[PDB]
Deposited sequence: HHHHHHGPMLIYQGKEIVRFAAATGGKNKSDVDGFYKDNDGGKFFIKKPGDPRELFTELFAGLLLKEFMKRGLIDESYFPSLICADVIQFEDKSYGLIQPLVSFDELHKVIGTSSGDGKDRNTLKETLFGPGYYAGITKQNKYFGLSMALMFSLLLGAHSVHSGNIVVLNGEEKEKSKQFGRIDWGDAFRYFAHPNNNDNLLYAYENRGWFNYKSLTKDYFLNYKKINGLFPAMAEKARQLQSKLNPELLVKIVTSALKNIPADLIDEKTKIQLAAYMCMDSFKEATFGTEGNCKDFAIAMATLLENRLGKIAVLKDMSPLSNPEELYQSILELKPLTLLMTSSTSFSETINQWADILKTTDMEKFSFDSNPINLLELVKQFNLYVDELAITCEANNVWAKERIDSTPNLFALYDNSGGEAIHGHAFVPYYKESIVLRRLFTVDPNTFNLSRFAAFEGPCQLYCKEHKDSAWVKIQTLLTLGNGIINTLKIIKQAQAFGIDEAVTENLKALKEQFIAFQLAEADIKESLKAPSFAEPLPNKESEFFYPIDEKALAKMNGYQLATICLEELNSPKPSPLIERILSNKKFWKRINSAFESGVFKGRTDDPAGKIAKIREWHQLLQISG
């Protein structure tokens, strides 16, 4: 019984039922499915590979027509997860795709079962397939079969693995057994399934002469076609078991900063063309690049504070409440906000989130279109965009997706040029706190529990107890507000262990109460 079509079984089980428009694709999909199911049924492949072949079965309707019914599996398509390592299941899925002539394998086909296992979803074997050998290459000459296609020969070590699965499968087979397989997988098809026309359509399609003279029910005869099919399959498996300009990459050197690396890469990509070279991204050190970009940000901050440049004080609308663990404090040095906004997490490669200071910076970046801050922003944003695009390139090239690689290499070039262009226009007291401009009392009596507590929590990022927080906790006027803010639970979702931090602030406050 149905909801949404998504179905349901009495005790357990869930389903997907597609009704295909083409009469021929129904047979093609279903046949692939029953054939694979036959293989798994005979124990020709290990039970740890069964979820690696996700195929459909036939179902009977009220109408009297047939549908394609498929188990509901939790998986993410490949564009999702990317939008020598071992890919469990991939070689089985790809070898069986190749064997069955299912050649349009792509980012939408190959999905990722939960955890390690990887697979194939939609099968359309036997297209123009009694023809296109022994070169076995439809994956060029796309006589085909947004589609982001995979390359077999670029995925590292795929061919000997696939060929090993192939000869290993061959080991258990024989022509008679293959005949039993095709026959068995054919009897599971309703004799009713397709009319007499699309049968000759499929005879022409699969390029197999002996097809139009066969029936599909359990009470039918399909011998000649079973023999033909089995013969071909054996041939192709046997052929699978024996499968077989200059490269370029972007390399980092011993000691450089981010800007200069981007320079090297920029003039490489600019001078060189992308037609006489095959771009490699395997030896790209993204981690070290992120490291040196973070250093770059640190230094741009330090330079932007040594020279007495630069704030977002007025532009605040947040009022007094903390957003995401932080209230907005005007006396934050812009060289702190700078680092908080544009510093990449080391090994997850994602930007951190200062939800308190984002608005006040966005408007400001309007009205002060020509601000030094704005140019800093353009720059650092471009650097991290470079990092991101490189992530995409490496992850994509992991599975030999040339299209995504070239597109994002284009994007990479654009970002390099835009970085350098952006980067040549960048060339144009307080000891009581390390993160704040000098404050006084009574210009911070205008601050509430949340702002004051944000200050108190920020001050703990120092090794020594700074004079600022001392001035705050020494006073009992403020402790009502601050302790209230702590008791609000607003800071509980912070990153920097807010519990121990608060308890610490409390023991300090307690210390300043004896005398």
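K.L.:
Return the ranges of the deposited sequence not covered by C-alpha coordinates, sorted by sequence position.
P.N.:
No C-alpha for residues 1 to 17, 22 to 33, 113 to 139, 188 to 189, 201, 205 to 217, 317 to 333, 400 to 409, 528 to 538, 626.
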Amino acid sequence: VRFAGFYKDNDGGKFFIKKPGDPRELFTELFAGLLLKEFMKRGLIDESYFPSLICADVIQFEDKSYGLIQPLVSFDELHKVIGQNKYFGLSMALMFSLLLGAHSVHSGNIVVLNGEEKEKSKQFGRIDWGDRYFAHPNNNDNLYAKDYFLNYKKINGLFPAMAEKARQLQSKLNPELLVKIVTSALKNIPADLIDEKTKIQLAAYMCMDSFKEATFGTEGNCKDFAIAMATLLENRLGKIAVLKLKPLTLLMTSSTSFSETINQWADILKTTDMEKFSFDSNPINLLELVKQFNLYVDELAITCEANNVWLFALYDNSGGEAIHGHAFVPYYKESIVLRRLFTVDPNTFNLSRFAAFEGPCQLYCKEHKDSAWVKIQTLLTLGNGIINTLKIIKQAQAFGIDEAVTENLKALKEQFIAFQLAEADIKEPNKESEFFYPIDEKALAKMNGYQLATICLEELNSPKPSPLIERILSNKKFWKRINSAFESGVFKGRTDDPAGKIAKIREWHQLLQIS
From here on, numbers count along this sequence of modelled residues.
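K.L.:
Higher mean Cα B-factor in the deposited model: 403 to 411 or 199 to 207?
P.N.:
Here the higher of the two C-alpha B-factor means belongs to 199 to 207.
K.L.:
Test of understanding: from the entry's C-alpha B-factors, which stretch has the higher mean, 479 to 487 or 37 to 45?
P.N.:
Taking the mean C-alpha B-factor of 479 to 487 and of 37 to 45, the larger value falls to 479 to 487.
K.L.:
Based on what the PDB entry reports, which of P330, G320, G108, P283 has the top C-alpha B-factor?
P.N.:
Of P330, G320, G108, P283, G320 has the highest C-alpha B-factor.
K.L.:
According to the deposited entry, which of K391, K172, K153, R339 has the largest Cα B-factor?
P.N.:
Most elevated C-alpha B-factor of the set, per the entry: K153.
K.L.:
Would you check the entry's CA temperature factor for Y296 and let me know if it's in the chain's lowest, middle or highest third?
P.N.:
Middle third - that is where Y296 ends up once the chain's C-alpha B-factors are sorted.
K.L.:
Compared with the other modelled residues in the chain, in which third is the CA B-factor of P467?
P.N.:
Tercile = middle for this residue's CA B-factor.
K.L.:
For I455, return the chain-relative third of its C-alpha B-factor as stated in the PDB record: lowest, middle or highest.
P.N.:
Its C-alpha B-factor belongs to the lowest third of this chain's values.
K.L.:
Taking the entry's C-alpha B-factors for this chain, is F96 in the lowest, middle or highest third?
P.N.:
Within its chain, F96 is a lowest-third residue by C-alpha B-factor, going by the deposited values.
K.L.:
Relative to the other modelled residues in the chain, which third contains the C-alpha temperature factor of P51: lowest, middle or highest?
P.N.:
According to the entry, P51 has a C-alpha B-factor in the chain's lowest third.
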